[PDB]
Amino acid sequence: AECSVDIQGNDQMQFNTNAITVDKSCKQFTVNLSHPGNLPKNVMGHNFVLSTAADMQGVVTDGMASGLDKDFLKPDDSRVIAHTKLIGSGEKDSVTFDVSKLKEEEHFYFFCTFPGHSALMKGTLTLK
């Protein structure tokens, strides 16, 4: 169907949704992230990061360590299926990935890796 979704992260430390469905029809899928709240990236930055459920903890933990200059993400992290930039108020970023990379598993988690964020900024992404 539509092979894109528009996601927002804000000042409430929440994305607007906790569930994304990707139409199995799609060869590619695009996630357009924007920040409709008011703070900078160095403080209340969000990114969108996609992994298997099992990999999320490692991604979030290795992320924190990497620091704000690496967008709180380990560079070249092979667990990460798709990722955007870290963004603050009124910035945006997009990421496109192959639907084939979701063939093998069931429940994936999307999440923000800014330290602490993933307490609320965790959702499920599935292939339907």
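All residue numbers are counted from 1 along the displayed sequence.
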Given 82 to 90 and 43 to 51, the range whose Cα B-factors average higher in the PDB entry: 82 to 90
Of 10 to 18 and 115 to 123, which one has the bigger average CA B-factor? 10 to 18
Using only the C-alpha B-factors in the record, can you name which of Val95, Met64, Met56, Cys26 has the highest? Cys26
Place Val31 in the lowest, middle or highest third of its chain's C-alpha B-factors, as listed in the PDB entry. lowest
Give the position of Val99 by CA B-factor within its chain, expressed as the lowest, middle or highest third. highest
Cα B factor band for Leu73 (lowest, middle or highest third within the chain): middle
